[PDB]
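Reviewing the structure listed below.
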Amino acid sequence: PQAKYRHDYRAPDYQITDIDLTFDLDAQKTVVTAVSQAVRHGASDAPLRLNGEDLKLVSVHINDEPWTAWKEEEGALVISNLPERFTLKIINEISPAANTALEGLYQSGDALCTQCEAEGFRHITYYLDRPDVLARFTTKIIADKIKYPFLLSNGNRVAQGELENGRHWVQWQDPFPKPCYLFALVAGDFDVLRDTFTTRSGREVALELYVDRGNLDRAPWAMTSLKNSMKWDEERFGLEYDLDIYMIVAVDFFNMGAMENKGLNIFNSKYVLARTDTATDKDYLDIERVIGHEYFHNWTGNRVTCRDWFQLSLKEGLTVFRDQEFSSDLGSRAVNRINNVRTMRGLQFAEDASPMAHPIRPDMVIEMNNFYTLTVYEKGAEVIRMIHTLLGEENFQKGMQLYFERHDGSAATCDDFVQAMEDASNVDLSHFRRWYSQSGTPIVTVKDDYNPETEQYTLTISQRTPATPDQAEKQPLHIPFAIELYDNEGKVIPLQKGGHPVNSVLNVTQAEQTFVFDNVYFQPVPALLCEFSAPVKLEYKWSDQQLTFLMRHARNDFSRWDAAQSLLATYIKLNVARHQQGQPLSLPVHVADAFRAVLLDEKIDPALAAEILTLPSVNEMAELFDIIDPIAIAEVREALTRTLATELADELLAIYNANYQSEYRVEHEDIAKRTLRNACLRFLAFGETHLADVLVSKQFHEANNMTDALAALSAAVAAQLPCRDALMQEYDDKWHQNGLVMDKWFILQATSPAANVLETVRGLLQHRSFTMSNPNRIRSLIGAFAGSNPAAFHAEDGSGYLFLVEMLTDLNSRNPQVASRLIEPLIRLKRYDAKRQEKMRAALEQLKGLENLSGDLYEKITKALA
Ligand SMILES: N[C@H](CC(=O)O)Cc1c[nH]c2ccccc12
Ligand code: NA
Ligand code: NA
Ligand code: NA
Ligand code: NA
Ligand code: NA
Ligand code: NA
Ligand code: NA
Ligand SMILES: [Zn+2]
């Protein structure tokens with residue numbers, strides 16, 4: 001498989017302006033007729049190269065003449081000797097039932113559905129499958145009326161008919177030009193939740209949510225969230241929906257979360273279906289964010305699309321930023337910011353140090369499905385957020401308005417976006433553009449001085465980005481570095497220099513620079529990189545008492561949490577070193593005391609308390625170390641949990657009881673109290689065993705909603721309490737017919753600290769609720785083991801590696817996209833000790849030798865082994 005390079009982009013030799021599709025649908029053999037109106041822009045000797053994969057060509061006509069000047073080669077139909085303007089007609093066959101990879105047109109249970117992003121439309125017919133070719137689509141669908149009573153495609157339903165032999169047809173027209181990755185087709189039988197939303201200007205939009213028969217009771221929250229999304233995009237960004245119908249279809253077989261196909265979004269059912277006995281608070285908030293995300297793509301992705309796939313972050317960074325803003329505006333902005341920072345530091349930073357490191361705008365791709373990444377998405381959003389920090393809301397909105405004014409109806413680049421922001425705001429972003437071209441996490445080092453004679457505070461800030469596997473050359477970035485200075489009473493010291501206020505967002509643009517502040521009337525305690533103002537590692541030599549001071553006084557809730565993280569980090573590092581010498585945990589009492597103060601502070605928001613009381617994950621802890629010891633990290637996390645549970649036992653129980661709520665509501669104050677209560681329970685589960693077992697068993701049985709039931713079950717597994725097996729078995733007996741609910745249980749099994757966890761995981765491959773044909777089941781059992789149980793995955797005997805090789809040997813042939821997601825823990829081999837490296841390298845060499853190695857895996861394996 002061949003690399004493609006961003007610098008090789010060229011405008012296409014041909015455009016298509018209009019495509020009329022007919023599908024004669026059948027799960028075994030579908031016949032596609034595609035009539036495209038085309039225009040040749042290049043030279044007469046440049047042939048038309050149409051992408052096509054696994055298609056059976058039936059016929060090719062040019063202006064209704066059977067065409068003899070063509071050939072088929074690997075992945076392409078190459079058509080020569082064409083006029084300047086012509087009608088292309090292709091007929092071809094495909095087989096949805098054979099499509100296990102879930103790209104193109106495939107089967108989801110008894111439904112037929114599509115996924116075309118990035119390059120799936122070429123699995124449906126021969127086409128210019130590239131996102132800088134926009135065309136107006138019409139789609140006619142012909143099918144068996146009993147099996148497929150609903151026949152959906154993008155746009156408006158413009159025609160309908162009945163045929164002989166129990167067949168019917170519908171035709172759809174989507175008036176907005178689109179690239180083909182935005183095409184969708186759905187055929188099947190569903191229940192339909194119907195509602196309406198009236199836009200700010202008075203357009204009435206029909207809303208239709210298609211779910212599997214019997215699931216209407218699980219649809220209203222997603223409907224509510226769609227309406228909320230529509231209203232919010234009007235209020236925040238001034239954006240209205242542009243069609244008269246908005247369709248969402250929930251399907252059980254889907255590789256990612258959802259897909260923004262124009263007017264016909266297709267969703268993994270995980271991010272649609274919710275009822276209080278089946279879904280947690282987090283599931284409700286995820287549904288809200290993913291419904292929002294796909295909605296927001298209607299402008300940032302659909303109305304303006306991507307020139308080429310290197311520009312993916314143009315839509316993904318900006319749409320993630322939008323979904324974060326939505327969630328943050330509706331919910332707790334602090335909890336949102338905290339969680340997104342956890343993801344960046346604990347998962348994205350690791351990618352940026354890995355063999356798959358890339359800039360948010362990649363320069364080189366072999367398989368584009370490998371680049372739907374933490375980096376493109378989450379770091380992409382941080383980059384957009386930096387623009388927001390530099391411009392402020394008003395200028396940022398002006399940049400959005402200029403971006404749409406220039407590029408509405410076209411395919412654009414990341415550079416076009418940055419230029420719109422610069423031109424509308426008058427802020428220079430020439431240096432800032434380097435965040436698009438440079439991979440790796442910058443390390444910002446801060447040293448400071450207080451001069452009591454002049455009342456000056458001096459900050460010397462330096463930056464460096466280490467070389468990454470993809471880039472040997474690194475340069476300084478334009479880093480927005482937000483600060484605040486606190487006096488001894490916890491009040492903010494005004495920032496000023498030479499009699500003038502100074503903006504608290506410092507522009508760190510050099511390898512090293514100094515900033516001097518005047519009128520600093522007391523030796524300050526600084527809050528540094530406030531609200532994680534740039535996606536960087538911070539090196540500053542905090543004292544523990546500066547950190548506990550910030551936990552108490554800092555103005556933004558984020559800084560309070562982050563100070564607590566820095567306080568913990570030091571003692572995590574200590575305790576991993578101690579573990580490796582066989583010593584027990586050591587922790588100064590003033591640390592336990594800082595957490596006791598949080599638990600007993602009556603003025604603190606319970607949402608914030610809960611996040612302070614949620615220890616860093618094993619992934620976040622891993623990022624503290626040059627060489628990861630996953631066993632020591634897991635054991636230290638547990639021991640820190642046990643120690644705090646013992647030290648804070650009375651306080652934990654008091655807060656647990658005080659946050660009891662008899663009614664369940666999906667409402668931010670209620671969620672916050674319940675999240676705190678459950679954080680207390682999780683510590684309590686690691687305390688005295690009898691009381692633990694009683695609290696946990698009782699919560700599980702009395703819970704009137706899945707958030708509280710799963711928090712209990714999860715605590716029983718984590719702490720290996722006596723009730724564990726009985727509770728787990730009850731869950732299975734109650735919920736085995738419900739795959740989404742069982743995913744939660746598979747995750748608990750896969751992440752269990754029990755000694756025989758691998759053996760249980762292998763056994764669960766035969767469980768009545770498991771199947772290798774379903775990406776959700778695969779991720780919940782296999783993926784959770786490999787990704788979220790690093791202590792077991794990284795068992796010294798190599799057994800976790802061998803297990804993953806076996807699974808991936810199947811998945812390489814069945815569903816390479818899922819295979820590539822699952823291989824990720826193995827490509828991190830350089831972060832581990834020599835003996836684990838040896839074994840992981842041998843696993844990777846084994847996979848490298850598979851027959852029919854997919855491009856998806858080949859890319860990752862070759863980078864990892866280099
Ligand atoms: N824009 C969507 C997801 C999103 O909204 O960002 C991308 C997507 C969905 N399913 C896929 C399968 C393979 C490759 C890409 C995808
Ligand atoms: Na013609
Ligand atoms: Na076009
Ligand atoms: Na809010
Ligand atoms: Na995130
Ligand atoms: Na301005
Ligand atoms: Na510290
Ligand atoms: Na990590
Ligand atoms: Zn997206």
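All residue numbers refer to positions in the sequence shown, counting from 1.
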Should [X] and [Y] count as side-chain neighbours, where that means a heavy-atom distance under 4.5 Å?
{"X": "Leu185", "Y": "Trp172", "value": "no"}
{"X": "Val205", "Y": "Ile245", "value": "no"}
{"X": "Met807", "Y": "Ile778", "value": "no"}
{"X": "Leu207", "Y": "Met230", "value": "yes"}
{"X": "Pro775", "Y": "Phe254", "value": "no"}
{"X": "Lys231", "Y": "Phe197", "value": "yes"}
{"X": "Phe253", "Y": "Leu102", "value": "yes"}
{"X": "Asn265", "Y": "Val249", "value": "no"}

Going by atom types alone, do [X] and [Y] pair a side-chain donor with an acceptor below 3.5 Å?
{"X": "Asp252", "Y": "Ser108", "answer": "no"}
{"X": "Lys262", "Y": "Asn298", "answer": "yes"}
{"X": "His297", "Y": "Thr319", "answer": "yes"}
{"X": "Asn370", "Y": "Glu859", "answer": "yes"}
{"X": "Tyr181", "Y": "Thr305", "answer": "yes"}
{"X": "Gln817", "Y": "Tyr372", "answer": "no"}
{"X": "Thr199", "Y": "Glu240", "answer": "yes"}
{"X": "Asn815", "Y": "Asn255", "answer": "yes"}

Does a side-chain N-to-carboxylate-O contact under 4.0 Å join [X] and [Y]?
{"X": "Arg130", "Y": "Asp308", "answer": "no"}
{"X": "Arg157", "Y": "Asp174", "answer": "no"}
{"X": "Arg322", "Y": "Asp233", "answer": "yes"}
{"X": "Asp743", "Y": "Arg777", "answer": "yes"}
{"X": "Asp24", "Y": "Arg167", "answer": "yes"}
{"X": "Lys860", "Y": "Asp856", "answer": "no"}
{"X": "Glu288", "Y": "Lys282", "answer": "no"}
{"X": "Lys89", "Y": "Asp64", "answer": "no"}
{"X": "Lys270", "Y": "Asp283", "answer": "no"}
{"X": "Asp18", "Y": "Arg136", "answer": "yes"}

Can you tell me if [atom1] on [X] sees more than 12 non-hydrogen neighbours from other groups inside 6.0 Å?
{"X": "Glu204", "atom1": "CD", "value": "no"}
{"X": "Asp110", "atom1": "CG", "value": "no"}
{"X": "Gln737", "atom1": "CD", "value": "no"}
{"X": "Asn852", "atom1": "CG", "value": "no"}

_If the condition is ring pair (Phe, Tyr, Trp, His ring centres under 6.0 Å), which residues does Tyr271 pass it with, not counting sequence neighbours?_
none
*Looking at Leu50, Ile91, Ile79, which hits side chain to side chain contact (heavy atoms under 4.5 Å, CB included) with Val60?*
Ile79
Short side-chain to backbone donor-acceptor contact, [X] and [Y], under 3.5 Å:
{"X": "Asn774", "Y": "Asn776", "value": "yes"}
{"X": "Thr278", "Y": "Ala274", "value": "no"}
{"X": "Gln15", "Y": "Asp132", "value": "yes"}
{"X": "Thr280", "Y": "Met706", "value": "no"}
{"X": "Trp70", "Y": "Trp67", "value": "yes"}
{"X": "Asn99", "Y": "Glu103", "value": "yes"}
{"X": "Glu806", "Y": "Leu808", "value": "no"}
{"X": "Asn302", "Y": "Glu260", "value": "yes"}
{"X": "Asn154", "Y": "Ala184", "value": "yes"}

*asked:* Aromatic contact between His168 and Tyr148, with the criterion being ring centroids under 6.0 Å apart: yes or no?
replied: no
*Does the ring center of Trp221 lie less than 6.0 Å from the ring center of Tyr284?*
yes
[X] versus [Y], closest heavy-atom pair with distance:
{"X": "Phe150", "Y": "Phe190", "result": "CE1-O, 3.5 Å"}
{"X": "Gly263", "Y": "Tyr241", "result": "CA-OH, 3.4 Å"}
{"X": "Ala411", "Y": "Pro131", "result": "CB-O, 3.8 Å"}
{"X": "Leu25", "Y": "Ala187", "result": "CD1-CB, 3.4 Å"}
{"X": "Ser229", "Y": "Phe296", "result": "O-CE2, 3.5 Å"}
{"X": "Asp191", "Y": "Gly214", "result": "OD2-N, 2.7 Å"}

*Measure up the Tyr246 and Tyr295 rings against each other and bin them: parallel (under 30°), tilted (30 to 60°), perpendicular (over 60°).*
tilted
_Taking salt bridge (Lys or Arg N to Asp or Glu O under 4.0 Å) as the cut-off, I'd like each qualifying pair that reaches into residues 118-127, sequence neighbours left out, listed once._
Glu119-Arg122, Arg122-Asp129
*asked:* As a quick check of understanding, evaluate salt bridge (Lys or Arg N to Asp or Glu O under 4.0 Å) for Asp189 and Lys147, giving each step before the final call.
replied: CA-CA 7 Å; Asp189 190 18; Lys147 283 202 167 81; over 6 Å; no
Check: residues 30-38 side-chain donor-acceptor pairs under 3.5 Å, at least two apart:
| from | atom 1 | to | atom 2 | distance (Å) |
| --- | --- | --- | --- | --- |
| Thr30 | OG1 | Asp26 | N | 3.1 |
| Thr30 | OG1 | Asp26 | O | 2.8 |
| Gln37 | OE1 | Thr87 | OG1 | 2.7 |

